[PDB]
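One protein chain, two forms: both are listed below as structure tokens, the first as structure 1 and the second as structure 2.
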Structure 1
């Protein structure tokens, strides 16, 4: 197991201290400082790796405790960052994100209030170092964790999060299934400095012993509350998989590939009844605004092959995603929308155009997209092309794809390969959008390259030990 120091030679973990004016709380916003030679100034980069060498049985420091306690004592009807933003309040979370992004706190407040950025930050996830997702900010990367072929210990489970974030993952989704979902998710949350998302229909399905037909709103509702209480920061909910959209998939090549979308479709077809998450959307909003769980409105009809890209079914769901987004905003619930999928490069622009218009610029969250189907074993590359392109056009969060996509479960090498490919795509998108100061990273490395400061070049890279070993 490599340490932070072994993964990033010449780097130190640092914190920028700022004071939240309104409360007097002192925030310590993390960054990584790369120490350089030859009189070059040290280079400061973003850091999601979190506190190091913390005993998993104890869990991370509850850094947000005093923030949450103060807001509870003041009293408030809703607990979401959007609610606070619309009241004109700059929270600790907003100031923390502003500092982390090197932007103005008012700008962060504005973006959150208008629904164009979200800060996934359940009040029960006290261990979280706040981060922001939105087109006006750095492009972010999500990594998924789940069941290992063999049951994991607590150290092994937590290491999945520590490993993905070491390489740059900005959020995690815990997609675990099986008999120990609650317990392992507790281990993850108490030991995660990054936001943690889930797809709650997975656990609800397990509560009814794998029988989709026995799902209903009530067991879904109970599952949502259970997960919110633990601290889950966002829920993927496929509320746009409407009964009347299911037949639109009949002429597809790969059908419905989304697991959550498949579950909802099966239930809807069994009873010829409308999607129960859609029907109970308002009730879901009531849950979310007591905790601040952000809603990641799923795309259950995402295309699973190039043939199916941008079809009638996909865009029918996108339209409903927009409706659900505006409805959530009425109750001050933070929203992002999930997107494709497999999409060839010439069809990527249409995806962004329609999402920006139909969903009122809510942040977009894509899986890739994969730009070709021909290379299983290399879908981190086929999708990095798509992710970089759709990111350049405004996509705010990129769900990673590993070389094992379509084939099997990812090992640690696979996870690292996936995160690195996605950090490349995300930064290439930052450059393409001319995001402030993004090119400074490239310039520092290229300067080291020109001047034969090899150690500096390696230290500045996304994966220093690979560069160093390849050179040696």
Structure 2
């Protein structure tokens, strides 16, 4: 058991000048529980109304040893007292019950609680919310809601540490990660995840087969259902909100990967496949799917059905292996719904832009509109070091088509373990992709953000412009590289055009002239 030397992340005020953390109090009628739903408020100058935005940053300045407040405790205890055969949001929704989690999400999304219940009940949205993750501020994932972003963190045998991964969780959520996954493959996996869960206000996912492999000393041939099952229960008891499980990597699909350029690039999927060939046996997660469901519906662990046969190169995009798995993902989805287990489906991968629409169309149909969860896609293989940009293109496009959760890709993809700077870069790039998708879907009020920043830009309220942005101190420091003076924060120009050539200032002149003399 390590004694990590934790470093506090920069403060909320440092990251978001002129912002405050706020909460909307709403009362859950059936229980009388009071919910405090987070949002962030940007205070503007010149008498503009304050701008309210989503807030994933969670409780601030909490000592890691103490952990976040357990805000969901009285919800869980009351539902436990009332007695129930299943504990998932889907079960409650199908009973016609609007839970605290549903009301919370509804408020957070500014939609009707009954609409939220309906979407969860039909399986088109999920609320990943293990009853052991009491610290969680509930959120919803689904095509009819804001496009969400996941940040992957975790150590490897080669790099990082508990204190660095706890920093990265707090940092990822500060910049807007809606979920995280702890993908640790090194030492102290159980400990690392514990620290993260007790200090994360967003859902935390894992890939259980990683730790299962770590337990059998990295020898895949020594995996079996017993060790996998033990791992599922361990992680469920900690509070993991969703599991990526590669139960679609069937024995008969593995030969389909033989002629691929980059083979099987899924970590989990390659592990399952190796085990399958070694024994010529069927995927033990597939074989024990029912047993897995019986675990998940007692804790409410959502299942993220993995795509072990996702393409790892443009060359392999939309090939037979990938779509063979997708078909099976749909089967597993329907089976999970029978047991009231919440499901999302994992998708590609490396996919050129003209092949992206086929991916969405097939998933929507074959998986009956379960939420889709994509890694990018990366639209080209040529730019390692910049794969947050290559994949932002694909993420935005497939987001516009209905993808509900975008798994980020950092500048270090294909190169090494991301550090804290890489985590921020990835989150910012994917917040851009997710918001651009919200706009393309004409999601209600999404453009208000753009309009507020653009108004500040035209009116030369520079500090307002910075404060309204995704990353205020970056915008400001960039501006200030050439015009550092306080006075330049009210200039009707910047260094790009200078005072004589600033088009918005010239537009001010034009409108002044027209106001007096007409057009």
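Numbering follows the first chain given and starts at 1. If you superpose the two forms and keep the largest set of C-alpha atoms that fall within 1.5 Å, you have the rigid core.
- Put simply, after the core is superposed between structures 1 and 2, 148 is the one residue in 148, 353, 110, 290 with a Cα shift of at least 2 angstroms.
- Once the cores line up, the CA of residue 157 ends up 2 angstroms or more apart between structures 1 and 2.
- Comparison between structures 1 and 2 places the CA of residue 200 0.1 angstrom away from its other position, after core fitting.
- Aligning the rigid core between structures 1 and 2 leaves the CA of residue 39 offset by 1.2 Å.
- Superposed on the rigid core, the forms differ at residue 179: its CA is offset by 3.2 Å between structures 1 and 2.
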